[PDB]
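Participant: pasting an experimental structure, sequence included:
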Amino acid sequence: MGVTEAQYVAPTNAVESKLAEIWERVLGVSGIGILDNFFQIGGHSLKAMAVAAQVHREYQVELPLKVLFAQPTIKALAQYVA
Amino acid sequence: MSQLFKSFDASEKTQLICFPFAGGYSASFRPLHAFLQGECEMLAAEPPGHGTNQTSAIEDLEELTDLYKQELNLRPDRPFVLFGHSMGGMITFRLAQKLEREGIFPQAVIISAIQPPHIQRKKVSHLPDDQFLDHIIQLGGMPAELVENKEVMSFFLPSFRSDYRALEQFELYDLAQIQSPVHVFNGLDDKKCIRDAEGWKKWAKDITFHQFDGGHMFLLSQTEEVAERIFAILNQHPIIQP
């Protein structure tokens, strides 16, 4: 559903430039972006990066709220807690 | 489709930093390197988002020797150092470690960054529960079952005794009294005791070693106060603040 080539895909911050390598290069490949898709809605992921979320949000279980899609400035978090 | 900024002079010291930030490490390294050396290279990665010409992806090192030394290729830089931030650049790591092993085996200065909090089926008399979580590779949620076998050469697992014994396979039963090269440990956000146990069980301290771990463990997630304090004492470890 809406897996067509997105004409809007560019990392806002330098930190987000690595997201295309982690997810898009494996789970994506289709050519989607921040235009709503099977990932933007959230998921359990398929990489070790899920640990960083599950352990930082203290057991999300269902929805990964307040762990990623809560801060537009990811670089501001990295300069605080690695 | 990648931006890169470099500035080398007389092949002083090429340092590659994959997207850094303002921290205490810089405030400590800046005065140090400025007093110890000069005319050092300031190679840093730039945030993409729009194609330009080509892409570095660690191959920039070869690009330099291929473009500048187009007349003849003698030998590239030996002490390669890769810096950056914790995340999961397994692709970049794969490129780096691969190029290093195929470029120069007798490496003197190697850095293990973004070390995963999981091991890879190793039996140690560390703890009765050590070998339990060891081969369980979950940490509470790790669906990278298809990547763990790759991470050994694209992430650098904390089990150095298994890494070298998987690549070179020249490791003996005893690994004590081994200290000569340089290797930095940067990662293991959850399992911090693993590098302390296996790292000290051999009682070997190289000529240059550094341990910088983060804090993704539930205790740091709940009590961020501890995480911040750990970072403070980590930055002020080499030099105490006035």
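Facilitator: Happy to help now that I have it. Residues are numbered from 1 along each chain as shown, chains lettered A, B, ... in the order given.
Participant: which non-adjacent residue is nearest residue 49?
Facilitator: Using chain A here. Spatial nearest neighbour of residue A:49, chain neighbours left out: residue B:88 (5.2 Å); criterion: C-beta to C-beta, 6 or more residues apart in numbering or on different chains. Every residue, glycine included, has its C-beta placed from N, CA and C.
Participant: you answered for a different chain; I wanted chain B.
Facilitator: Excluding its sequence neighbours, the residue lying closest to residue B:49 (C-beta to C-beta, 6+ apart) is residue A:10, at 3.8 Å.
Participant: now residue B:24
Facilitator: Residue B:24 sits nearest to residue B:235 (C-beta to C-beta, 6+ apart), 3.6 Å away.
Participant: isn't the one you found right up against residue B:29?
Facilitator: No. Contact criterion C-beta atoms under 8 Å: residue B:235 and residue B:29 do not qualify, at 10.6 Å.
Participant: neighbour-wise, which of these two wins?
Facilitator: In terms of neighbours (other C-beta atoms under 10 Å in any protein chain shown), residue B:235 is the more surrounded of residue B:235 and residue B:29; the figures are 16 against 13.
Participant: tell me how far the more buried one lies from chain A.
Facilitator: Taking C-beta to the nearest C-beta, to the nearest Å as the measure, residue B:235 falls 11 Å from chain A.
Participant: contact partners for residue A:23?
Facilitator: The contact partners of residue A:23, by C-beta atoms under 8 Å, 6 or more residues apart in numbering or on different chains, come to A:39, A:47.
Participant: picking up where we left off before, so the residue nearest to residue A:49 lies in a strand, does it not?
Facilitator: No. Under DSSP: H, G, I helix; E, B strand; the rest coil, residue B:88 falls outside any strand and is assigned coil.
Participant: contacting residues for it?
Facilitator: Listed by C-beta under 8 Å, 6+ apart, the contact set of residue B:88 reads A:18, A:22, A:47-49, B:114, B:155.
Participant: residue A:17 now?
Facilitator: A:11, B:19, B:47-49.
Participant: just the ones in helices from the contacts of residue B:88, please.
Facilitator: Secondary structure defined by DSSP state H assigns residue A:49 of those to helices.
Participant: name the nearest of the contacts of residue B:88 relative to residue B:210.
Facilitator: residue B:114 (15.1 Å; C-beta to C-beta).
Participant: how close does the closest one sit to chain A?
Facilitator: Residue B:114 is 10 Å from chain A, where distance means C-beta to the nearest C-beta.
Participant: which residues touch the residue nearest to residue B:24?
Facilitator: Applying C-beta under 8 Å, 6+ apart, the residues near residue B:235 are B:23-25, B:28.
Participant: repeat that for 10 Å
Facilitator: By C-beta atoms under 10 Å, 6 or more residues apart in numbering or on different chains, residue B:235 lies in contact with B:23-25, B:27-28, B:212, B:241.
Participant: find the closest residue to chain B in chain A.
Facilitator: Relative to chain B, the nearest point of chain A is residue A:14 (3.2 Å; C-beta to the nearest C-beta).
Participant: from residue A:16, how far off is the closest residue to that residue other than its chain neighbours?
Facilitator: Closest residue to residue A:14 apart from its sequence neighbours, by C-beta to C-beta, 6+ apart: residue B:47 at 3.2 Å. As judged by C-beta to C-beta, to the nearest Å, residue B:47 and residue A:16 stand 8 Å apart.
Participant: find residues that contact each of those two.
Facilitator: Listed contacts common to residue B:47 and residue A:16 are A:10, A:75, B:19; contacts here mean C-beta under 10 Å, 6+ apart.
Participant: which of the residues you listed has the most neighbours?
Facilitator: Among these, the one with the most neighbours (other C-beta under 10 Å) is residue B:19, at 21 neighbours.
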